[PDB]
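Listed next as structure tokens: two forms of one protein chain, kept apart as structure 1 and structure 2.
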Structure 1
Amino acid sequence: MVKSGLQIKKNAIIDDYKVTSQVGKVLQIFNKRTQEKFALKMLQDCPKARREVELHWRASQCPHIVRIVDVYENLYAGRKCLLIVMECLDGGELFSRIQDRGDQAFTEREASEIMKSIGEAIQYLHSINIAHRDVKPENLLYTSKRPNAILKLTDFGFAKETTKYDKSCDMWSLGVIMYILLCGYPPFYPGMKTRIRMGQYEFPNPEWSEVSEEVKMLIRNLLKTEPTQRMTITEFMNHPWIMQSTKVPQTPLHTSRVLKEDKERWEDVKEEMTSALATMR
């Protein structure tokens, strides 16, 4: 129940890690004692930088959040820097994995399982009254390239402590990610297909025809316009579909085929989500 506080080391990082002065693109480095590989984490020391690291430190323990190993305050070309050491995440981004399946065969069940992984992260946070506020594709990365790897949430660069409705956009993000997992495109309104005509019903049939109302209902609750009426993390993780993924139909989703078809738009998807987030926060 009692966890230790953040200790930012002051001593030069290269006493501890092989870096080789090739040193915010993220770098692979090596612990000298253990010779293990890690990632790093280079920020501009600033009040804000510190609050995020703090918040991230309070969450590192969560199995579905990228762990901080060590933090250094060092001078890089006489710029005060936070160097943040974290475990390597070589698995890539959640949706890239899905898109690159050779057979292109993703199931409702797999979607359920993923969403539980992500839910867990958000539950850890929300219950210690932190809000992530930047839950999107680029921030969901896998440990290893392997089939049985683990999902970790990243970028605490919009986190903050939440004495309520700040948590709401974490849930709106859940809504969006869930929806994309289920069909391959976001629930947002040349050369390619239009997936959701403007103003039309939120679950188009080509890809949503075999998804149950139960699951459409869960999604409508996460995307609820009014935060006063949007699903909470407690409600989410208590929902049957999340709670019991093993009983979730292995419904063949269109997701992997669509992400491949609409690959040119992915930058655009991510940008529309990022824009949207800045108005929702």
Structure 2
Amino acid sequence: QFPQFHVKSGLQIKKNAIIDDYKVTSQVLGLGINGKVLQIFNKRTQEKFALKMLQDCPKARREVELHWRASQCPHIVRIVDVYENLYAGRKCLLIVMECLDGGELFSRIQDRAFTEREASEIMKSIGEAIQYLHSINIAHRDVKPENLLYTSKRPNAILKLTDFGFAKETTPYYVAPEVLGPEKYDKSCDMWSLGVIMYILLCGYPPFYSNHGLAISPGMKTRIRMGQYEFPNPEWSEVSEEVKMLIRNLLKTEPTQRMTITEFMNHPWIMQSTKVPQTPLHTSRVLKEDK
């Protein structure tokens, strides 16, 4: 009668040199805020891991903490251990994470081909990451395609959300959610980035791009501010006008008009991914030709 499974363990930070437990190669797997990710090896199991190197301070401390909490979610990259060591005398935190070999979301899409129903199933999985986060009052605030790596190159490899460098915390019965903690509008710009990734998912380019010799509001940044974009053919010719209408509710200019991660997930095109059009999509050839 009690949520036993709801007790997860809080972080125990190892303070011995991480070079007892891992070989640490000089080779970089990626780059993220505050940290380069080197590839390391467990010295005992010889298994292969990702190491991010932050330098101690309330930013660093905050990433480890927030991220440790989100580590439980299946769709967020799993933390193996966190070490607090002395790196040349200056003190820093070391995050050891699982490895993700499937590449970025888009790279592992840019070779085949990709259909709507398949993008819907993909958009759902990112949504679960985002819906878990907001349910524990964390906003990621840098959800981009480069923060999305696949575990393996198997067809059954998971899509996982990396990097908590910019992630931030957001804090009777008929009481209203305002009173129960004001909560800014941070979860909001995850919802925006979800649209941007939904948009780039279906056609193969971003809704906002660089072009200056035109008519009204040239700036890459003015098009963002105004909310000036739309869905060209052919790329969008046959794309569900239900789906376009969904992308209209995340790419709202006004943060208060956007769709909440819950509304997003309950919304049909996501929820029932397994009963949307299986119709073709230009992504694979669009995203390939351009580059």
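Between two forms, the rigid core is the largest collection of C-alphas that superpose within 1.5 Å. Numbers follow structure 1, counted from its first residue as 1.
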- [ ] Kindly specify the one residue in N129, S144, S209, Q200 whose Cα moves by 2 Å or more between structure 1 and structure 2, with superposition done on the rigid core.
- [x] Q200
TODO: Verify the C-alpha shift of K247 between structure 1 and structure 2: is it 2 Å or more after superposing the core?
DONE: no
- [ ] Once the core is aligned, please say if the CA of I29 is shifted by at least 2 angstroms between structure 1 and structure 2.
- [x] yes
Task: After superposing on the core, C-alpha shift for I14 between structure 1 and structure 2 in angstrom - done: 2.5
Task: Distance moved by the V69 C-alpha between structure 1 and structure 2 (core-aligned, Å) - done: 1.0
